[PDB]
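1. Output the structure for:
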Amino acid sequence: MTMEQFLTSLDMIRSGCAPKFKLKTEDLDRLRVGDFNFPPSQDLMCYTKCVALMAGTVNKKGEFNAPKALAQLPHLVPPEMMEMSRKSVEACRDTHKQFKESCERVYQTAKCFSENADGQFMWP
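-> Numbers count the residues shown, from 1 in each chain. Here you go:
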C-alpha cells in the first residue's frame, strides 16, 4: 500500500469497529495520533482489540502473534513505515503476557507500540 491508501485505511478500519462501542471522539482523535497518555475506558480498550482482530495480529483472547504480525505488515503499513513497525513488533511482542484480560492485552500492546515507535505512530 501507499502512504495515501494507509491514511484512508485508518478511517475504514475504525468504521467497522467504532459502532460496536460507546466511545468519545476526543479519545479516538488522541489514539489516531499515537497519544495513549490518558486513562482508557473498557470500551476504548476493547475497541483496540477489535482493530487488531481485523488486522489479524491477535487471537480472540488478545494474545499478540508476533510471527503473524510480521507476516501481515505489508497489508497493514506502507514501505515508509515497515522498519518502525518491525522494531515495535519486536519491542512489544511480550507485553500481552503481563495481562490476563483480552481487551487489556491488546490495548497495552498498542500503548507499547506508541511508546516504542521511534517515529509518528497512528492508530485507526
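2. hang on, residue 123 in a helix?
-> No - applying DSSP: H, G, I helix; E, B strand; the rest coil, one finds residue 123 to be coil, outside a helix.
3. so who does it touch?
-> 10, 31, 32, 34, 48, 51, 110, 114 (C-beta atoms under 8 Å, 6 or more residues apart in numbering). In short, each C-beta sits where N, CA and C put it, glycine included.
4. Kindly tell me how buried the nearest residue to residue 37 once chain neighbours are set aside is, as a neighbour count.
-> Leaving aside its chain neighbours, residue 37 sits nearest to residue 30 (7.9 Å; criterion: C-beta to C-beta, 6 or more residues apart in numbering). Counted with other C-beta atoms under 10 Å, the neighbours of residue 30 add up to 16.
5. Using the three-state scheme, assign the spatially closest residue to residue 21 that is not a sequence neighbour.
-> Among residues not flanking residue 21 along the chain, residue 43 sits closest, at 4.3 Å (C-beta to C-beta, 6+ apart). Following three-state DSSP, residue 43 is assigned to helix.
6. and residue 43, how far is that from residue 76?
-> 24 Å (C-beta to C-beta, to the nearest Å).
7. which non-adjacent residue is nearest the residue nearest in space to the middle of the chain?
-> Per C-alpha atoms, centre = their mean, the C-alpha nearest to the average position across the chain is that of residue 110, at 4.6 Å. In space, and not counting its chain neighbours, residue 110 is closest to residue 48: 4.9 Å by C-beta to C-beta, 6+ apart.
8. Can you tell me the element the one you found falls in?
-> For residue 48, the host element (DSSP states H and E) is helix 42-55.
9. now the helices for the protein?
-> 3-15, 25-32, 42-55, 66-72, 79-92, 102-116 (DSSP state H).
10. These into CSV, with extra columns for distance to residue 122?
-> CSV is the format used below for those (distance: least, C-beta to C-beta, whole Å):
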stretch, distance to residue 122
helix 3-15, 6
helix 25-32, 6
helix 42-55, 12
helix 66-72, 16
helix 79-92, 9
helix 102-116, 9
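11. Of those, give the one that comes closest to residue 124.
-> Among these, the nearest to residue 124 by C-beta to C-beta is helix 3-15 (3.7 Å).
12. This completes my enquiry, with thanks.
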